[PDB]
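Participant: Turn this into a model:
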Amino acid sequence: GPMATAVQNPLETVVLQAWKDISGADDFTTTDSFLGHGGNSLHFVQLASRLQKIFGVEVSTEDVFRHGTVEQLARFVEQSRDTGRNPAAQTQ
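Facilitator: Numbering: from 1, shown residues only. Let me share the structure:
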């Protein structure tokens, strides 16, 4: 293949563990479609609200659907969660 992780952020890993905990699908990668291994119902509602409270982002159910992949999902959060970047030091 091209690379191993290539450009994989640990944030993407959170998106995957979110999906794994909800759907049970483990053999998903960051470039694969988390868009419903089987049940594509409320399962996305749970993970969107999950990332929301984890990184301090505002991810909606349909926002999940607009990204398509966990990587591109994480990209939304990546940029948005930077607003609270380094919250312990408070960027002082």
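
Participant: Centre of the chain to stretch 45-60, how far?
Facilitator: In terms of C-alpha atoms, centre = their mean, to the nearest Å, the centre of stretch 45-60 is set 8 Å apart from its chain centre.

Participant: Now do the buried residues in it.
Facilitator: For stretch 45-60, the neighbour count (16 or more other C-beta atoms under 10 Å) marks 47, 48, 49, 50, 51, 52, 55, 57, 59 as buried. Placement of C-beta: from N, CA and C, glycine included.

Participant: what sits up against it?
Facilitator: With C-beta atoms under 8 Å, 6 or more residues apart in numbering as the test, stretch 45-60 has contacts from 11, 14-15, 18-19, 22, 61, 63-64, 73, 76-77, 80-81, 83-84, 87.

Participant: Stretch 21-34 too?
Facilitator: In contact with stretch 21-34 (C-beta under 8 Å, 6+ apart) are residues 8, 12, 15-16, 19-20, 36-39, 43, 46-47, 68-71, 73-74.

Participant: The same query, at a cut-off of 7 Å, please.
Facilitator: For stretch 21-34, the external contacting residues (C-beta atoms under 7 Å, 6 or more residues apart in numbering) are 8, 12, 16, 19-20, 37-39, 43, 46-47, 68-71.

Participant: And stretch 70-84, by the same measure?
Facilitator: Counting by C-beta under 7 Å, 6+ apart, 9, 11-12, 15-16, 19, 30-31, 34, 51, 55-59, 63-64, 67 sit against stretch 70-84.

Participant: Pull that stretch out as CSV, backbone CA atoms only.
Facilitator: Provided in CSV are the C-alpha atoms of stretch 70-84 (Å, rounded to 0.1, in the frame of the first residue of the first chain):
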residue,chain,number,x,y,z
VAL,A,70,-14.4,8.4,9.7
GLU,A,71,-11.3,10.3,8.6
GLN,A,72,-13.3,13.1,6.9
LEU,A,73,-15.6,13.1,10.0
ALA,A,74,-12.6,13.6,12.2
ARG,A,75,-11.4,16.4,9.9
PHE,A,76,-14.5,18.4,10.9
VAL,A,77,-13.8,17.8,14.5
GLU,A,78,-10.1,18.3,14.1
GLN,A,79,-10.5,21.9,12.9
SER,A,80,-13.5,22.6,15.2
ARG,A,81,-11.9,21.2,18.4
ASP,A,82,-8.9,23.5,17.9
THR,A,83,-11.0,26.3,19.4
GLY,A,84,-10.4,24.7,22.8
